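Accompanying notes for the structure given below.
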Amino acid sequence: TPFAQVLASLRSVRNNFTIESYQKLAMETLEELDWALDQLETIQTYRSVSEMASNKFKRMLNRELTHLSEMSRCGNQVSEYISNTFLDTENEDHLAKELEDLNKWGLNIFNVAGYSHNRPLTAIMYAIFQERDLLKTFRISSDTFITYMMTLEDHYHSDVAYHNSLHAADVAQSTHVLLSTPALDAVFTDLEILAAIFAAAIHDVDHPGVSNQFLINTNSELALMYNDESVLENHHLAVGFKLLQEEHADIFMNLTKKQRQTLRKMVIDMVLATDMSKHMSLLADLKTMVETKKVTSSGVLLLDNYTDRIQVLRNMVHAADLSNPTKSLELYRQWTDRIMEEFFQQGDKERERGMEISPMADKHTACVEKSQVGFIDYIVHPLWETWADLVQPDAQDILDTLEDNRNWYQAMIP
Amino acid sequence: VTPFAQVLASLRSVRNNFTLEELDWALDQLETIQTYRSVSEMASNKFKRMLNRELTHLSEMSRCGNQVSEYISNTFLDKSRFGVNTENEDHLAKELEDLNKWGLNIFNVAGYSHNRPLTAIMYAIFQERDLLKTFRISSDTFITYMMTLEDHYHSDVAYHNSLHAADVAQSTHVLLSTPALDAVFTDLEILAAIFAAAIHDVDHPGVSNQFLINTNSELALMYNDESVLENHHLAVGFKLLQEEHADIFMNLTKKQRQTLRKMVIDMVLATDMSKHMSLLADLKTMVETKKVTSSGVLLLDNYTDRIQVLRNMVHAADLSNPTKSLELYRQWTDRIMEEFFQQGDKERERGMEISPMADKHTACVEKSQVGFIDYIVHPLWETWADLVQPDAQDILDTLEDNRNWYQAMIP
Ligand SMILES: COc1ccc([C@@H]2CNC(=O)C2)cc1OC1CCCC1
Ligand SMILES: COc1ccc([C@@H]2CNC(=O)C2)cc1OC1CCCC1
Ligand SMILES: [Mg+2]
Ligand SMILES: [Mg+2]
Ligand SMILES: [Zn+2]
Ligand SMILES: [Zn+2]
Ligand SMILES: [Zn+2]
Numbered sequence: 167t168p169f170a171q172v173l174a175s176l177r178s179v180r181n182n183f184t185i213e214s215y216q217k218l219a220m221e222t223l224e225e226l227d228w229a230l231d232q233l234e235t236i237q238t239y240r241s242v243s244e245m246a247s248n249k250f251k252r253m254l255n256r257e258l259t260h261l262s263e264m265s266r267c268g269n270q271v272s273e274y275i276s277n278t279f280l281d332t333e334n335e336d337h338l339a340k341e342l343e344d345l346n347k348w349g350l351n352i353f354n355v356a357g358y359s360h361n362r363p364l365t366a367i368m369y370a371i372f373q374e375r376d377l378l379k380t381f382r383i384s385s386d387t388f389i390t391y392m393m394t395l396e397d398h399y400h401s402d403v404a405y406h407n408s409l410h411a412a413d414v415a416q417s418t419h420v421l422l423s424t425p426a427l428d429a430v431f432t433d434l435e436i437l438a439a440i441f442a443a444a445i446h447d448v449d450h451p452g453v454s455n456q457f458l459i460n461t462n463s464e465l466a467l468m469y470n471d472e473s474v475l476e477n478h479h480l481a482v483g484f485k486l487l488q489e490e491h492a493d494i495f496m497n498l499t500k501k502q503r504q505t506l507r508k509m510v511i512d513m514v515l516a517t518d519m520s521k522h523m524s525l526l527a528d529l530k531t532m533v534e535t536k537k538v539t540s541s542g543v544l545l546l547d548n549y550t551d552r553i554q555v556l557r558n559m560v561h562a563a564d565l566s567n568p569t570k571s572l573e574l575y576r577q578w579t580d581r582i583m584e585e586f587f588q589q590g591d592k593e594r595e596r597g598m599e600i601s602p603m604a605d606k607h608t609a610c611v612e613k614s615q616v617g618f619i620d621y622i623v624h625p626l627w628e629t630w631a632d633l634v635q636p637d638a639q640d641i642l643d644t645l646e647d648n649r650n651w652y653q654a655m656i657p
Numbered sequence: 166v167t168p169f170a171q172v173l174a175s176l177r178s179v180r181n182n183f184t223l224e225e226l227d228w229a230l231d232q233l234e235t236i237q238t239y240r241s242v243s244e245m246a247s248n249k250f251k252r253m254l255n256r257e258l259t260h261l262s263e264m265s266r267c268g269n270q271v272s273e274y275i276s277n278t279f280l281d282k326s327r328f329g330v331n332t333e334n335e336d337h338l339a340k341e342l343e344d345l346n347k348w349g350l351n352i353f354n355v356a357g358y359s360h361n362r363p364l365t366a367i368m369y370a371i372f373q374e375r376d377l378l379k380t381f382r383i384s385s386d387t388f389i390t391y392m393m394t395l396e397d398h399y400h401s402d403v404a405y406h407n408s409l410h411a412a413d414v415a416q417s418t419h420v421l422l423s424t425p426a427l428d429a430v431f432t433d434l435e436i437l438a439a440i441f442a443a444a445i446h447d448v449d450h451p452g453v454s455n456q457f458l459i460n461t462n463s464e465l466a467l468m469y470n471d472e473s474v475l476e477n478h479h480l481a482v483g484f485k486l487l488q489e490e491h492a493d494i495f496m497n498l499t500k501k502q503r504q505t506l507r508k509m510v511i512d513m514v515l516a517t518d519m520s521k522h523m524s525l526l527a528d529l530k531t532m533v534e535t536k537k538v539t540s541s542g543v544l545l546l547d548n549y550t551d552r553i554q555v556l557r558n559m560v561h562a563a564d565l566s567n568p569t570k571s572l573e574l575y576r577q578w579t580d581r582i583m584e585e586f587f588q589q590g591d592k593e594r595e596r597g598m599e600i601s602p603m604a605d606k607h608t609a610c611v612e613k614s615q616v617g618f619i620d621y622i623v624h625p626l627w628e629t630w631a632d633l634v635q636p637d638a639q640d641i642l643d644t645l646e647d648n649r650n651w652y653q654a655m656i657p
């Protein structure tokens, strides 16, 4: 395996390096080399050592297969097989005023809901798509677009307090605004933008107002069918893409097969990243991205390969999903009530199920203010602090707004 | 600051001051052998443990500090006499003498069971391993589950039928008996492994995940193209327990069931042929660092090690055919091609480009098995045999002989 042999090579450097001002330089470097030696082995996990090993075996076989595919017609048939199988109105006036702020972080999605017959998702999506000229770009007839958009919005539960089309509309608009970050200009392709926005719009479709954990615990059909892994995220994606199958709703029908293939890859990639358990993994990638960030003249970021761009895009959607504490207090406060209401509904579901009440789920026991300060300090702030570093100086305001709201909720703890 | 970057931050100040060959070889080989997600896991682990320290502290604070830490922790941090109806009977019993033998003829087991080899072999395994007593599984419950399971294995499908399931189940049973693996696995780990094998291919439609993705199938659509069949097999396997009098796991504790479900999902997902290289990688690292207790028995400490072995065991059992006797192996080759051919017949009706081995005019049956052995089956079994040496030598020998036989058949 590679790491085993790489460790054996450097271990040999240490043993053969040993074999006044010079002394200071000599000794300072030896313990530094030793520090890096321990830190290599200790920060190593099972899947990290394995990844380098699997990837060498993959590379090695692909060399042998390229050779074999040149031999006979048969060699080619065997190579192709092996390669593919074992290798990877008054309302319309106010709505328009609220929509002036479509590219602004401070848009009030709640008023958008109010002036749009409680259809903020269709309202905001059509607005975004006209703003980004995506309907023209990707040959999407309005008729088809709204047909899809309406069905999508229909499969967002009305009865659910937080994970309703209003949350979807917020993430969609928030993602739209994050894409406009100056630091990321020519950076993404039109299909990448299309993927991102559609990803955001569907990221929570048919959400039943309960956690994956609840679904697993209650042995739900949904858990059972998705083998307890990313049960909801998989379900959202499945609905999102199946809705395209409805009568005159295929918004992607005018893209090439490759375009659709790629878009489907990215959309799956991004919505799966909205699993809150994938949080640390996303934050890890974003931190490494900041560390090795390369910036082209006048401030615009330099993201080469797809791998880099998708890391940014899935982090962008995740950051947009966790945007509420960074919004104005008037907005943020309403999201807090909405989240709690949903949390308490799950608690009621557990009470009659005779299940031990979920942490936060009982309105009788809930602490809220102290909770938001926990949520900010440990999850929201680290994420946004990282994002703001990557996109500096932009998003400095998003952070100050968050920091202020943290202090406000801190000041509310009885 | 992330770890690998922190390492190379010091490693680079060391080299830019040390001034050598073995350091400059590994200077390049550290960075180059580094992927995109191998780098990521080092860091995501650093942050997960960082936060878990902070929450442990916060829990100690108030009743509130505990509610907030429990919330955050759970949300942003991970984790008949024979069983079959028969008049043939006595013949079935003779074939079943070989239940613990690698050379059992599953095809005759099918013959003397009224084509019910899965129920026949499973009931046999469970009586042999005394699992029904161990896990309080009433016979009715067992045969009831077993029959419904066998029913959801397509008859119309040439290779991925209950006969293949029965083969993997019996092959896994035999691999668990490897002397090199004695006290190693718990009874629940054995139960997990055998059940995993029995259901690993349930409701298989006789087509590849690739086909399903390409044809934009409901199955692909609902499983977002990742491990489409493997996820589906598991979903069926576990949903069947919901049938009246079929819950074979009803008498296990909640934790026992929770753990078994974890391992079964873990193992069946590993039967994705695209996970092949990853499985082999883990098995090779396991071999390299293997610790063996007195008189030959392996020493596998934590769950992580045992599950790597168990998933590799089921995978090895799924790719066992070329390591079986030529009489058996030859029949599996025909069966696999028949299904492959039929897979192409579906592509044809769909106007799709016919898959590599999917056409009989173009198929290199013999040259193909030699490719399959040389590149996939032999490396896997060669690794397995190293881990459980000297056991599995017989398997390797049989494999080697059969490879030479198919080599000698190339026109
Ligand atoms: C505005 O609040 C919140 C907004 C959004 C979320 C996400 C939706 N559900 C989650 O688990 C993450 C949690 C919130 O607050 C949490 C702090 C404790 C209760 C929930
Ligand atoms: C007995 O041969 C085979 C038996 C079993 C399998 C597995 C089931 N499906 C797979 O893709 C792997 C493939 C075989 O042979 C392969 C090489 C020639 C064609 C397929
Ligand atoms: Mg989500
Ligand atoms: Mg399978
Ligand atoms: Zn969301
Ligand atoms: Zn009954
Ligand atoms: Zn199989």
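Respectively, the protein sequence lines represent chains A and B. Under UniProt numbering, residues 167 to 185, 213 to 281, 332 to 657 are what the first sequence spells out, in order. Under UniProt numbering, residues 166 to 184, 223 to 282, 326 to 657 are what the second sequence spells out, in order. Heads up, the beta-carbon is just placed ideally off N, CA and C, and yes, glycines get one too.
Closer than 7 Å to chain D by CB, residue i
i, result
"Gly590 (chain A)", "In the displayed structure, chain D is absent; the protein chains listed are A and B."
Span of the alpha helix (DSSP H), counted from its first residue to its last, around residue i
i, result
"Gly357 (chain B)", "352-357"
"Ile582 (chain B)", "572-595"
"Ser454 (chain B)", "Taken as a continuous stretch (DSSP letters only), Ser454 (chain B) belongs to no alpha helix (DSSP H), as it is neither H nor E."
"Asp386 (chain A)", "385-397"
"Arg507 (chain B)", "500-515"
"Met468 (chain A)", "464-468"
"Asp413 (chain B)", "408-422"
Residue i beta carbon near ligand 2 (any heavy atom closer than 6 Å)
i, result
"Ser566 (chain B)", "no"
"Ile352 (chain B)", "no"
"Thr259 (chain A)", "no"
"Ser614 (chain B)", "yes"
Per-residue DSSP class, three states only, for residue i
i, result
"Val448 (chain A)", "coil"
"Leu223 (chain B)", "coil"
"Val634 (chain A)", "coil"
"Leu645 (chain A)", "helix"
"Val538 (chain A)", "strand"
"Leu342 (chain A)", "helix"
"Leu544 (chain B)", "strand"
"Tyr549 (chain B)", "helix"
"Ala481 (chain B)", "helix"
Closer than 6 Å: residue i CB and nearest ligand 5 heavy atom
i, result
"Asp447 (chain A)", "yes"
Classification of residue i by the beta-carbon crowding that lies within 10 angstroms, buried from 16 upward
i, result
"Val560 (chain A)", "buried"
"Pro568 (chain B)", "buried"
"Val538 (chain B)", "exposed"
"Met523 (chain A)", "buried"
"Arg507 (chain B)", "buried"
"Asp231 (chain A)", "exposed"
"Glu595 (chain B)", "exposed"
"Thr184 (chain A)", "exposed"
"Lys217 (chain A)", "exposed"
Heavy atom of ligand 4 within 6 Å of residue i beta-carbon
i, result
"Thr418 (chain B)", "no"
"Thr184 (chain B)", "no"
"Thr517 (chain B)", "yes"
"residue 304 (chain B)", "It's not possible to place residue 304 (chain B) here, given that chain B moves directly from 282 to 326."
Would you call the region 476-491 of chain B and the region 390-409 of chain B in contact, with 3 or more CB pairs under 8 Å?
yes
Is the region 599-607 of chain B touching the region 399-419 of chain B, taking contact as three or more C-beta pairs under 8 Å?
no
Just checking, does the region 462-479 of chain A make contact with the region 469-489 of chain B on the three C-beta pairs under 8 Å criterion?
yes
Any 3 or more C-beta pairs closer than 8 Å across the region 614-622 of chain A and the region 271-281 of chain B:
yes
Would you say the region 442-449 of chain B touches the region 350-359 of chain B, given that touching needs at least three Cβ pairs under 8 Å?
no
Do the region 576-589 of chain B and the region 444-460 of chain B meet, that is, are 3 or more Cβ pairs less than 8 Å apart?
yes
If you pair each beta-carbon of the region 401-410 of chain B with each one of the region 373-386 of chain B, do three or more pairs fall below 8 Å?
no
Check whether the region 233-245 of chain A touches the region 244-259 of chain B, counting contact only when three or more Cβ pairs, one atom from each stretch, lie closer than 8 Å.
yes
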